[PDB]
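Residue-level structural notes
What follows is the residue order along each chain.
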Amino acid sequence: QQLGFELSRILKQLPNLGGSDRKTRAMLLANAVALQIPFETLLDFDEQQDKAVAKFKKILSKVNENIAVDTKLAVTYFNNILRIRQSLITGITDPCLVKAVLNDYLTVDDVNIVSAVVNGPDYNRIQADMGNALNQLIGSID
Amino acid sequence: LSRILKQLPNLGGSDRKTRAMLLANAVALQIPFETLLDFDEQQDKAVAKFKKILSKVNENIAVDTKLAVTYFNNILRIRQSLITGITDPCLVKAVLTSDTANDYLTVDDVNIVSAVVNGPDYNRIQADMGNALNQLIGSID
Amino acid sequence: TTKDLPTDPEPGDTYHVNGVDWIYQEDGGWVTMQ
Amino acid sequence: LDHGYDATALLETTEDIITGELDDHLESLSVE
Amino acid sequence: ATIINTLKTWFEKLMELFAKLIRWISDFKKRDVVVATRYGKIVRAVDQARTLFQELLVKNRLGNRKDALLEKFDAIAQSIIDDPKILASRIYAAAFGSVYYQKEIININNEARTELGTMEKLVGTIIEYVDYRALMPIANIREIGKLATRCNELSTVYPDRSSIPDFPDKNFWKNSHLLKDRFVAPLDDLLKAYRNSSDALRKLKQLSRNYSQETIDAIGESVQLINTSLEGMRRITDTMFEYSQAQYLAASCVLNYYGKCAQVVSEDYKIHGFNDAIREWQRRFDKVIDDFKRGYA
Amino acid sequence: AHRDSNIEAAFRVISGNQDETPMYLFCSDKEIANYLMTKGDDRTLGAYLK
Amino acid sequence: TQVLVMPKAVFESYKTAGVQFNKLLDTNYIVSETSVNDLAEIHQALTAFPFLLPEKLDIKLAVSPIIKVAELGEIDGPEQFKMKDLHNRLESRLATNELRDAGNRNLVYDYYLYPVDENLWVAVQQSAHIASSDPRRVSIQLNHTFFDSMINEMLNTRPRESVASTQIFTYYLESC
């Protein structure tokens, strides 16, 4: 089972509409591979991106032997999804992920709704104020 | 500190729980995990620093410190899974349709992600690709 | 109760049920006048 | 073949089909 | 014999299917209790806010600024209806005002509440076995398949909203009256039916006795029908639950529309010359917002 | 007839309310009345007239 | 012309996706083809551009997309409130980035010039270099191929004698 054939066999199972099919087909390959490829600990993001894309393009070359995928569009999606993954490991982790993985019931929408009605700051603005109002503490200590 | 904490709307009995989440993110943003180490030495250092930071919650209004540690530890473990790579549709969905993902994707890109991720058979198809890649990603030179 | 409206009406039709007036606009389908 | 050319053995067992459908349904729940 | 092992294996598999579904439905109920509590607050606020604007506009209390403010109001709605959180599926189209889709979803809900009785009868048939072949309720089984099929059609999210005819545009607040009657998934009925079904099968652990072939064939058909029914009802329940979540979002969106519109009135007549009716109206609207906030708090 | 009569100005000058517009009463019999009364919520004419 | 500094990551997205570079100065197009983070990073990359452009030759540095979004959110129109919502998202995302990359501190970037018409000078912000002692001189030496690219292009329209008097021409001579 060559990877190009197995991925193509699975992609054939997506529902069809019309020409929009290449946008949703490319997106799914970008999603699966961008999130599946492990990161090497010795690399920074710049190098990890070049390596991950090189493999991603090679995967498309094998997939394009079985099912048609737009190469330039799939890479566009791949880089966007990969950057999201890199941001999460170095940056802020969304509370929906802590909630999804882990008594957690009241969600973010629930507070963003109230803020929108009163036209005040939402969860993300409060989160930005938290870190900012915390910048001095963390920098001062170790 | 308290000026911004008073910006969070009161919601039932969760006032001590949402701020615990906000604090866990506020610290985890600025203490990175060095990719060089595995999840023991860098993890213990990040957690130890977080617990030391909790020593100043007397300046805050409503922080559940026991839950705040729970949230902080969850963030580090989630980051470990992302570094190693994730395929579980239950977590892949959570990542693809999220507040972070909506900032790196354009409006049209999100519309596409929302069309695949919310498909009636997404979880099955995504799981199958996860195995197709996990078993064969190493075959790609 | 206010979903007793005729199926497949003409565009621009108006239909009154339970004190609610419905215009069948071509774009949005059944929408209240106000 | 897999089992053999006897046309009687080629026929799929109904009880195995019922078990298979139960297994496939439960597998889907584990994925979802 | 091997028949006893076959029956016991099937029964364990069925109970495992219920165990997975019961946990999922309990999670849905827990979330729904939270949503139902907040949904009551939203609808009350929307009804109060809608009345306040109806009075504000019908009496032409805005004066010459009426037209300008209305244009701004449209702009507000356009910024909300295009929120990416609102999926392109027909489930959200119904939640945001579309009538044809809403009727279909309600009809599906009402039918599911009755087909559950069939599921209990299928399990009860197995109890009657462990030639007495029941006539079997395969009929309703055809219907649950069609309902699950349509649910998948409704829940599908298209790359673009233009694929849905009569999708709610900026005029989604005009039909906010349809949100008064909260849509409730049959979560309690599911838990009762599933827990009773699981317990009934649990009481069959002791089988004993060699069974006639006609009894095993009849059991086999019942087991197959139950498996199909559980998968069909799972598809239906998830779609009906999704609409409950979509309706919650739609109600919040209408309330946000009215909240932002009131903010524009306040700012517009703070910059321009305010009247007394405007200040009185705004104080009434502020009371509505305050009650909403206190309800959430 | 509303235009040419200059009726709106007469009402505004007499009443003093510069946002007032006359209301037109339809004086019918019992048979015609059943046809004039329609979607009563929108009991308005071409535009601003009631 | 008008210089629009963007990170390599954003530039490669534009080239790979196939986004019309001509209309990246038109707020209504760039916000449709650009993510919230990319727009914030463009702002950050503009604010980290160390060089003074030849204003005497009508070469200006682009106004960041966040400012353009903020301005449109205050101007009456059919999309004003959607643009206000975009502004709020940009501010929260920008603050989130500033709190994460604040540690960058002492470094300078290599820039690559990609000319687009005569009204847009795309400046790609590439790999960073560490520079703490006299980072001004280090930045100048590193960006040799950026300075001569700018000179080559402005000599297409501007007089040679006028370009020779700019600081960009001087920086080239100082580098080599």
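Procedures and definitions
- Residues numbered from 1 in each chain as written, not as in the entry; some residues may be left out.
- Chains lettered and ligands numbered in written order.
- Part of a larger assembly, values for the part shown.
- Heavy atoms only, no water.
- Helix = DSSP H or I, 4+ residues; strand = E, 2+ residues; numbered from the N terminus.
- Buried < 20%, exposed > 50% of the residue type's maximum accessible area, 1.4 Å probe, protein only.
- Patch = residues over 30% accessible without salt bridge, like charges linked within 9 Å, V, L, I, M, F, W, Y side chains within 5 Å.
- Areas by Shrake-Rupley, 256 points an atom, 1.4 Å probe, with all protein chains shown as cover.
- Salt bridge = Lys/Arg side-chain N within 4 Å of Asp/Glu carboxyl O.
- Pairing = 2+ DSSP bridges.
- Axes fitted to C-alpha atoms, helices over the stretch in contact; angles between N-to-C directions.
- Expected span 1.5 Å × (residues − 1).
- Contact = heavy atoms within 4.5 Å.
- Buried area = accessible area lost by both parts, 1.4 Å probe.
- Polar contact = N/O pair within 3.5 Å; in protein donor to acceptor, adjacent residues only side chain to side chain.
- 1 Å grid on protein atoms, 1.4 Å probe; cavity = no way out; pocket = protein on both sides within 12 Å on 5 of 7 lines; lining within 4 Å.
- Points joined across faces, edges and corners; volume = space filled by probe spheres on them.

The record lists cryo-EM as the method behind this PDB entry and 3.5 Å as its resolution.

Labelled according to the PDB entry, chain F appears under the name gp120, originating from Phikzvirus phiKZ.

As annotated in the PDB entry, chain B carries the name gp85 and is attributed to Phikzvirus phiKZ.

In this structure, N119 of chain A is a non-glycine residue whose phi angle is positive, near 60°. Within the secondary structure, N119 of chain A is located in the loop between α6 (108-118) and α7 (123-140). We note that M136 of chain E has phi near 65°; this positive angle belongs to a residue other than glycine. As for its position among the elements, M136 of chain E is in the loop between α4 (99-129) and α5 (138-155). Accessibility expressed as a relative area gives 12% for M136 of chain E, which makes it buried.

We now examine a nonpolar patch on the surface. A contiguous nonpolar patch, built from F26, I32, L36 and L45 of chain F and spanning about 370 Å² of accessible area, is present on the exposed surface. Given a relative accessible area of 46%, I32 of chain F falls into the partly exposed group.

All names here are of chain C. Reading across the sheet, the three strands line up as β1-β2-β3 and stay open at both edges, with antiparallel pairing between neighbours. Of all strands in the sheet, those bounded by a partner on one side alone are β1 (14-17) and β3 (29-32). Neighbour to neighbour, the strand axes of the sheet diverge by 30° on average, direction disregarded. Inspection of the sheet shows β1 paired to strand β2 (residues 20-25) by four bridges, in the antiparallel sense. Counted as the bridge partner of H16 is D21 from β2.

If you check α5 of chain E, its first and last C-alpha atoms are 26 Å apart, about what 18 residues at 1.5 Å a residue would give, namely 26 Å. Looking at the packing, one finds that the buried side of α5 of chain E touches α3 (90-95), α4 and α7 (213-271) of chain E.

Turning next to the sheet that holds strand β3 (residues 107-116) of chain G. Residue and element names in this part refer to chain G. In space, the four strands of this open sheet follow the order β2-β1-β4-β3, with mixed pairing throughout. Two strands close off the open sheet at either side, each with one partner strand: β2 (60-61) and β3. When strand β1 (residues 2-7) meets strand β4 (residues 120-130), the two strands line up parallel, connected through five bridges. What sits directly across from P7, in β4, is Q125. In the packing of helix α3 (residues 36-47) onto the sheet, the strands contacted are β1, β2, β3 and β4, and the crossing angle to β1 comes to about 115°. Set on the sheet, helix α6 (residues 135-142) makes contact with β3 and β4; between it and β3 the angle comes to about 35°.

The next thing to look at is the interface of chain A and chain B. If you look at the interface, chain A gives 71 residues, while chain B gives 67 residues. Surface buried jointly by chain A and chain B totals about 6600 Å² across both partners, of which 72% is contributed by carbon and sulfur atoms. On the chain A side of the interface with chain B, the three residues burying the most area are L35, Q36 and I89 of chain A, jointly 10% of the side's total. One can count one salt bridge joining chain A with chain B. There are 20 residue pairs in polar contact connecting chain A and chain B. Of all the secondary structure elements, the ones that give two or more residues to the side of chain A that touches chain B are α1 (3-11), α2 (21-36), α3 (45-63), α4 (71-89), α5 (95-101), α6 and α7 of chain A.

Most contacts, among the ten pairs of chains that meet, fall between chains A and B. As for chain C relative to chain A, no contact occurs, and the smallest C-alpha gap between them is 22 Å. With no contact formed, the shortest span from any C-alpha in chain E to any C-alpha in chain F equals 9 Å.

Attention shifts here to empty space enclosed by the protein. For the largest cavity, the calculated volume is near 160 Å³. Along its surface, the largest cavity is lined by 16 residues, and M130 and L134 of chain A together with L1, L23 and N60 of chain B are the ones closest to its centre. Of all the secondary-structure elements, those providing two or more residues to the lining of the largest cavity are α7 of chain A together with α1 (2-5) and α2 (15-30) of chain B. No other element matches the four residues that α7 of chain A contributes to the lining of the largest cavity.

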